[PDB]
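What follows is a single structure, written as structure tokens, with notes after it.
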Amino acid sequence: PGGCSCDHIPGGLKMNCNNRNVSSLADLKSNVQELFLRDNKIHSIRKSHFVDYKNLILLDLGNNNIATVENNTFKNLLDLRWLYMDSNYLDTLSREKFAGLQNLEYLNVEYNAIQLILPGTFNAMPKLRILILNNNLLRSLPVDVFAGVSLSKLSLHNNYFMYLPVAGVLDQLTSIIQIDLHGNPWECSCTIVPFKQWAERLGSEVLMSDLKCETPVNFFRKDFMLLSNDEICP
């Protein structure tokens, strides 16, 4: 209904519309808890699309062509805990776009074109525990971006970071148990030293992968966790 597989789980229907040629969201025929919309061709999502769905606990929008997301799109969605939005084309993230998600725990937005995260974007989802932001076009993070949430795992690898500000952005990262930061063009200079120290003051296994330098040329693929500060900045 219509043309998509359906089944119900205690105590909630599940909808499987994957690899089906789907242009928009308003083209369907509630008590729907799980909605699978992966590998389709959805250009954008609007408030109107999810007014009907208020019982969703899992919303998978993967490998779509989502370019824009209207403000207050997920406002009526309070049962939603897991939101997959990967391999889409999201330019920026704002607080207004994620309003309404109070019980969201896991947010995945990897392989997008995210170039900027607006201040207090993640204040919208207070119960957020896992944040996936890897493989994007990020080059900087705003102050107090992680102030609103207590994250256990964060994935920022494969972006375009050359440095990271500790005060206001990384110092507010508590309850951290896993963090990923690789494939990033780190520069070994006087600017990377504060980030180096924070990474050294981290837990033994909280850092998932080793961080290696990109510039200058003389420190190519060299773990700066081992290097001394005088080598980097005399």
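Numbers in chain A track Swiss-Prot; the residues on display, in order, are 342-352, 354-371, 375-579.
This entry, so its header tells us, was determined using X-ray crystallography, 3.2 Å.
Here the Cβ of each residue, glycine as well, is placed from N, Cα and C on the backbone.
Per-class residue totals from DSSP over the repeat 'LRR 7' (376-397), listed helix then strand then coil: 4 helix, 7 strand, 11 coil. Feature annotation from Swiss-Prot assigns repeat 'LRR 7' to 376-397.
Packing against the repeat 'LRR 8' (400-421) from elsewhere in the chain are residues 354, 375-392, 394, 427-436, 439, 441-446: each is 6 or more residues past its ends and has a CB under 8 Å from a CB in it. If you look up Swiss-Prot, you'll see 400-421 marked as repeat 'LRR 8'.
Residues 378, 383, 399-418, 451-470, 477 of the same chain sit 6 or more residues outside the repeat 'LRR 9' (424-445) yet have a Cβ under 8 Å from a Cβ within it. Residues or ranges marked as repeat 'LRR 9' in Swiss-Prot: 424-445.
Taken from Swiss-Prot, the feature repeat 'LRR 10' applies to 448-469. Remark: secondary structure over the repeat 'LRR 10' (448-469) totals 3 helix, 5 strand, 14 coil, with classes taken from DSSP.
Summarising the annotation, Swiss-Prot assigns repeat 'LRR 11' to 472-493.
Per Swiss-Prot, repeat 'LRR 12' is recorded for 495-516. Distant neighbours of the repeat 'LRR 12' (495-516): 455, 473-489, 522-532, 536-537, 539-540, 542-543, 553-554, 559-560; these residues of the same chain sit at least 6 beyond its ends, with a Cβ under 8 Å from one of its Cβ atoms.
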Q.
From the DSSP assignment alone, can you count helix, strand and coil residues within the repeat 'LRR 9' (424-445)?
A. 3 helix, 5 strand, 14 coil
